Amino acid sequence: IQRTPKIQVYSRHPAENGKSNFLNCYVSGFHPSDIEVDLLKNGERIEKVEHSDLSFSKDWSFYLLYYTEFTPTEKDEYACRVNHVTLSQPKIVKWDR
């Protein structure tokens, strides 16, 4: 069957305005592997992201880690957006410090 992605967003370091950090988005438990994951700044896609090669667990569901270097500020909003065949609309999970 088709399994819907779980999405977890978290920073590598404590959020401090003006200090360089990394934002992680871990997307897991989905099937099939066709997926669109994007990290967002103020609702816009971030190009300078890195992601793990596709992998899967013992139940054959897939998982991916995304991360990007960012500098948090008071005005900037960051998020992880996922689209998948199981989702009626893209799911956006905002990061909150």
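In this text, residue numbers run from 1 along the sequence as written.
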71 to 79 set against 20 to 28, stretch whose average Cα temperature factor tops the other in the entry: 71 to 79
Average Cα temperature factor in the PDB entry - higher stretch of 85 to 93, 6 to 14: 85 to 93
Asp34 CA temperature factor, ranked by third within the chain: middle
B-factor third for the C-alpha atom of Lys48 within its chain: middle
